[PDB]
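Secondary and tertiary structure notes
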Amino acid sequence: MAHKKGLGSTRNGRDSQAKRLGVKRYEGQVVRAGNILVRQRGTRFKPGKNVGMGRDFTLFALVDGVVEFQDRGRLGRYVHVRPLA
Amino acid sequence: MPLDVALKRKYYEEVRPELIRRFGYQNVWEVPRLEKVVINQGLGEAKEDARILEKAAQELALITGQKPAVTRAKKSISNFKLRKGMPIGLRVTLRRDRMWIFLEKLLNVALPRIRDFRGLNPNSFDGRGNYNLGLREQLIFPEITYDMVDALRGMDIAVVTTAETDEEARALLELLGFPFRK
Amino acid sequence: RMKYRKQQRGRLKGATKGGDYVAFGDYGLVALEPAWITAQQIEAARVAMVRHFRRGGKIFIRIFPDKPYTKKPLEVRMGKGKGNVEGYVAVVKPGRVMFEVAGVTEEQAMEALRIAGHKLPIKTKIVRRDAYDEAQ
Amino acid sequence: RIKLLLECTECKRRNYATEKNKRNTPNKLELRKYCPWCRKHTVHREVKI
RNA sequence: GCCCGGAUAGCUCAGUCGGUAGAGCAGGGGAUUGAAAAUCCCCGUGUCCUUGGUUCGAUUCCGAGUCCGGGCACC
RNA sequence: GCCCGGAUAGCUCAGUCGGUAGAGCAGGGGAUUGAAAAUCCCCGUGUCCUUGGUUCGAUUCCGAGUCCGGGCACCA
RNA sequence: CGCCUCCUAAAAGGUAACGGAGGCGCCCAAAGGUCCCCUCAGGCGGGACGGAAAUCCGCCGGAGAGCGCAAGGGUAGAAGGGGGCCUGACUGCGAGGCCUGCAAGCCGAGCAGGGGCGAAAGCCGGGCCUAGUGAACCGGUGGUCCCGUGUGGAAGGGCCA
Ligand SMILES: *[PH](O)(O)OC[C@H]1O[C@@H](n2cnc3c(N)ncnc32)[C@H](O)[C@@H]1N
């Protein structure tokens, strides 16, 4: 008396908003304070000279510097801002 | 009292060079002397809090300077694997001389003293020649009388020695404070 | 089969090549053109062999009951959480080092395999130890 | 309503500053500190329900 | 495709909110009977499911889990 | 969110218009006890929720605080 | 049927699916500041009331114990464990950037008033961080002391909190 399918909605209600962060400011490019560079939800980044780590593990330009990519090899990743020009 | 003080002083001072070169021939170093002595006893869970905690007091006290308050069962022994922080650190880490009139009074003057208190213990320290042996019953009246029926018993102390390897350490407190049988 | 005390529910699907080769006794069954193979079928061979071999002196192993295959429903219409666990098996694809001993000493072992796999489920080949292998 | 209720700071009749706060542990106990725009900084006090 | 151990004495179920556990039935020992019932006196019983955590203290308050339950499984 | 009531013995509750704290039940103790009772006498404990002021003093009087109980009204 | 975390986004970033998984719609009055100290679990060997597992001694160790809460990142060159003193979990504010079409949400040197931790070289405009969140209307209260429908006031009302 009525063979038509059957209920079946087990459920995987999963979700994660999109995001940002990362290696976000190109070699050498003109990098001014206020200008953010590389955000890290960790510590792949050590705020070297003029590199200001914001109250969030966010690499922000502390000075008018040329984009200073300072991978200090093994010490870890070290970010730096070079004395303008 | 200060009697046995001068005593340990000498026992060791001389015995030291004694065996020191008797076998050493290093440079009369901690080959093999003894330094500082911590003492530990029957953990707070042995508690009643106010009562036997204060008794732990009396005892730690007249014994070597330090005597218990009221807190001995937190994060509780509870049921088997039931325990949290560790607010029951009741011990004396006193460091030197006091310690020696102690090697004295203690080992050499209270050693055998109560119920078959013989001492026929194998490899006393042996865990690197530094201590081992704590006794499982107080020096009864190392002072005080009935100031608690069960009062205390789980007693065990430890010395910080340099009597490096055993045989050596053995020479050390063996003749210095008595090596309990085989 | 055996893929006991797993950890997750299901895998996914692909295939292409891997890392099976060696030897391990000199009575070898190597796949060639497969993919996953029923842990069962597997046991099948296991049997086949075991039995043939005067029924005693042990064979060895090879792959494992590896993944969880799901036909999900039972035959419904499709949209389940794709749930349902159901058939568990091997994931071997480039002629793989499938290793089986016993002490047959011969084309007897041969037969054993012959059927075991002839059976099993693919274009495959068999042999022995042909170019040793040096490790650290 | 939970052991989390909102209060705010006011200062010796010469201002009031805000901020929420709680209820739990030491409950009422509510002096605190803070600084109003009164004078240049100044105690304040806090309390205020 | 849910509702609460929906727990705690041998059982059926109270009680707590963390201090208190209880009752009925069962049961053990005497009494009545010629002997059993019934009836009459006396009595003992609890990891309060396991579990970590908090707290000075947890059966009780949180966190995880096991079991037994309850709403659909069918248009 | 206002508007009323209470806070007392272990339980439920009396209580000068400021001078004492009292019932009822539970709990315990003896006589009675085929017997269960009912009877029958006897007790047990109180910052009278807390903090101050009124008064020679205050369970009481007033303010304030916490709590529980009632009620009544809204809620973008 | 809102948000955080991991996979698939396939290597920039970034994307469905009735695709996998799994948490939050608390608080922490001091896990909020800074100054001074310290420094894991676990392995082994030796020990009172032990007695698989406390407490103490003796070694060993890319740190896998740890950080309210889930994941992931980080990370004891401690954000982690302990002591002292204290409120900036400040108002005025910010240049200049993350992402985003909207609004959002988010990162922040430095100038001012004003303090607090050291003597100070300086850190502090909440926490170790990524979830604990809600326009607009409407109306309340603590201001303010701007407006008032002739003028004085006021019902009432504008901006602040
Ligand atoms: P009935 O007793 O016929 O059993 C199910 C029948 O109903 C139809 N059906 C069930 N569920 C449906 C949804 N969600 N959409 C459309 N039709 C649906 C089936 O055809 C089945 N025969």
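What counts and how
Within each chain the numbering goes from 1 in written sequence order, not necessarily matching the entry, and residues lacking coordinates are not shown. Chain labels run from A onward and ligand labels from 1 onward, assigned in the order the entries are written. Values throughout refer to the chains shown here, themselves only part of a larger assembly. In computing side-chain properties, one takes all heavy atoms of the structure into account and sets aside hydrogens as well as water. Lines fitted to the C-alpha atoms define the axes, with helices restricted to the stretch that makes contact. Angles between their N-to-C directions range from 0 to 180 degrees. Strands here are runs of E lasting at least two residues and helices are runs of H or I lasting at least four, both read from the DSSP assignment and numbered beginning at the N terminus. For classification purposes, an angle smaller than 35 degrees is called roughly parallel, one larger than 145 roughly antiparallel, one from 65 to 115 roughly perpendicular, and anything else oblique. Left-handed is the label given to a crossing in which the near helix is rotated counterclockwise from the far helix by less than a right angle, and right-handed is the label when the rotation is clockwise. When checking whether two residues touch, look at their non-hydrogen atoms; a contact exists if any pair is within 4.5 Å. Whether a residue is near a molecule or strand depends on its heavy atoms: if one lies within 4 Å, it is near. Under the rule applied, a polar contact is a pair of N or O atoms within 3.5 Å (in protein, one hydrogen donor and one hydrogen acceptor; residues adjacent in sequence only if both atoms are side-chain atoms). We call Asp, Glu, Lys and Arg charged. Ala, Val, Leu, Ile, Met, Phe, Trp, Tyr, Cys and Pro are nonpolar, and the rest, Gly among them, are polar. Working definition: rings of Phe, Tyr and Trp (its six-membered ring) pair if their centres are within 6.5 Å, and the pair is stacked with planes under 30 degrees apart, edge-to-face with planes over 60 apart, and tilted otherwise. Only protein chains enter the accessibility calculation, which uses a 1.4 Å probe. A residue is then buried if its area is under 20% of the maximum for its type, exposed if over 50%, and partly exposed in between. What is meant by a nonpolar core is a set of buried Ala, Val, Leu, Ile, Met, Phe, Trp, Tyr and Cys residues, joined one to another through side-chain atoms within 4.5 Å. Think of a salt bridge as a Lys or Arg side-chain nitrogen and an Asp or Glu carboxyl oxygen that are within 4 Å of each other. All accessible areas in this document rest on Shrake-Rupley with a 1.4 Å probe, and a residue is counted as covered only by the protein chains that are shown. DSSP-based pairing: two strands are paired if at least 2 bridges between them are found. Any residue with relative accessible area above 30% and no salt bridge may belong to a patch, with like charges joined within 9 Å and the nonpolar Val, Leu, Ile, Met, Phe, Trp and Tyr side chains within 5 Å.

Regarding how it was determined, this PDB entry cites cryo-EM in its header, along with a resolution of 5.00 Å.

Attention now moves to the packing of helix α1 (residues 39-52) of chain C against helix α2 (residues 107-119) of chain C. Helix-helix packing: each pair is described by the crossing angle between the helix axes and the interaxial distance. Residue and element names in this part refer to chain C. Close contact between α1 and α2 brings their axes to 9 Å; oriented N to C, the two are set at 160°. Here α1 lies roughly antiparallel to α2, going by the angle between them. In this structure, α1 crosses over α2, and the sense of that crossing is right-handed. Across the interface between the two elements, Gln-41, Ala-45, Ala-48, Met-49, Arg-51 and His-52 of α1 pack against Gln-108, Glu-111, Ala-112, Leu-113, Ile-115, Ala-116 and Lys-119 of α2.

The next point concerns the protein's contact with RNA strand E. In the neighbourhood of RNA strand E, 13 residues make up the surrounding shell, with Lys4(A), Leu7(A), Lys81(B), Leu82(B) and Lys84(B) lying closest. For RNA strand E, the fraction of protein-proximal atoms (within 4 Å) that sit in sugar or phosphate groups is 61%. Separating a phosphate oxygen of RNA strand E from a backbone N or O atom of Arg83(B) is a distance of 2.4 Å. Tallied by class, the residues present in the surface near RNA strand E amount to 4 nonpolar, 2 polar and 7 charged.

The description of an aromatic ring pair uses the distance of the two centres, along with the angle that the planes make with each other. All names here are of chain C. Across all of its chains, the model carries 6 aromatic pairs over all chains by this definition. For the pair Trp-36 and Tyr-69, a centre-to-centre distance of 6.4 Å together with 70° between the ring planes defines the contact as edge-to-face. Taken together, the residues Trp-36 in strand β2 (residues 35-38) and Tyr-69 in strand β3 (residues 67-69) connect sequence positions 33 residues apart. Exposure remark for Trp-36: the relative accessible area of 40% places this residue in the partly exposed category. Relative accessible area serves as the criterion here: at 24%, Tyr-69 is assigned to the partly exposed category.

Residues and elements named next belong to chain C. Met-49, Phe-53, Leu-113 and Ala-116 are the most contacted members of the largest nonpolar core, which has 19 residues in total. Elements represented by at least two residues in this core include exactly α1, β4 (87-92) and α2. In contact with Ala-116, other than residues within four places in its own chain, are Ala-45, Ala-48 and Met-49.

In this section: the pattern of salt bridges. Across all of its chains, the model carries 13 salt bridges over all chains by this definition. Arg22(B) serves as the salt-bridge partner of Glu18(B), at 2.3 Å between the closest nitrogen and oxygen. One end of the pair is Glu18(B) and the other is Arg22(B), both in helix α1 (residues 2-23) and 4 residues apart, which spans about a single turn. Classification of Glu18(B) as partly exposed rests on a relative accessible area of 34%. Residue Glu111(C) pairs with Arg114(C) through a salt bridge whose shortest N-O separation is 2.9 Å. One end of the pair is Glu111(C) and the other is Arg114(C), both in helix α2 and 3 residues apart, which spans about a single turn.

Turning to the site of the ligand, a few remarks are in order. Residue and element names in this part refer to chain A. Taken together, the neighbourhood of the ligand is formed by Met-1, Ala-2, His-3, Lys-4 and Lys-5. Expressed as a share of its isolated accessible area of 470 Å², the protein-covered part of the ligand is 38%. Partitioning the shell around the ligand into residue classes produces 2 nonpolar, 1 polar and 2 charged.

Attention now moves to the pairing of β4(C). Residue and element names in this part refer to chain C. By the bridge criterion, 4 bridges tie β2 to β4 in an arrangement that is antiparallel. Note that in β4 the partner of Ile-37 across the bridge is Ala-90. As paired strands, β3 and β4 are joined by 3 bridges and run antiparallel to one another. Counterpart to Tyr-69 in the pairing with β4 is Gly-87.

Looking now at the packing of α1(B) against helix α3 (residues 97-110) of chain B. All names here are of chain B. One way to put it is that α1 packs onto α3 with a least axis distance of 8 Å and a crossing angle of 100°. One element, α1, and the other, α3, form an angle in the roughly perpendicular class. Side by side, α1 and α3 meet where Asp-4, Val-5, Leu-7, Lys-8 and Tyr-11 of the first sit next to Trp-100, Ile-101, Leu-103, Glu-104 and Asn-108 of the second. When its residues are assigned to classes, the contact of α1 with α3 shows 6 nonpolar, 1 polar and 3 charged.

As a further point, take the pairing of strand β1 (residues 4-11) of chain D. All names here are of chain D. Across 7 bridges, β1 lies against strand β2 (residues 16-23) in antiparallel orientation. Within β2, the position partnered with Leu-4 by the bridge is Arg-23. Following β1, the chain reverses through 4 residues before pairing antiparallel with β2; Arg-13 in that reversal takes a positive phi of roughly 55°. As judged from the 2 bridges shared by β1 and strand β4 (residues 44-46), these two strands associate in the antiparallel manner. For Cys-11, the partnering residue across the bridge sits in β4 and is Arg-45.

Our focus in this paragraph is the sheet that holds strand β3 (residues 155-161) of chain B. Residue and element names in this part refer to chain B. Strands sit in the order β2-β1-β3 across an open sheet of 3 strands; the sheet is antiparallel. Unpaired on one side and paired on the other, β2 (91-92) and β3 mark the two borders of the sheet. In this structure, strand β1 (residues 34-41) lies alongside β3, joined through 7 bridges in antiparallel fashion. Each bridged residue has a counterpart across the sheet, and for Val-38 the counterpart in β3 is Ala-158. Running at roughly 65° to β1, α3 makes contact with β1, β2 and β3 of the sheet.

Moving on: a nonpolar patch on the surface. On the surface, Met2(C), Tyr4(C) and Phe64(C) cluster together into a nonpolar patch covering about 280 Å² of accessible area. Relative to the assigned elements, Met2(C) resides in the segment before β1 (28-30).

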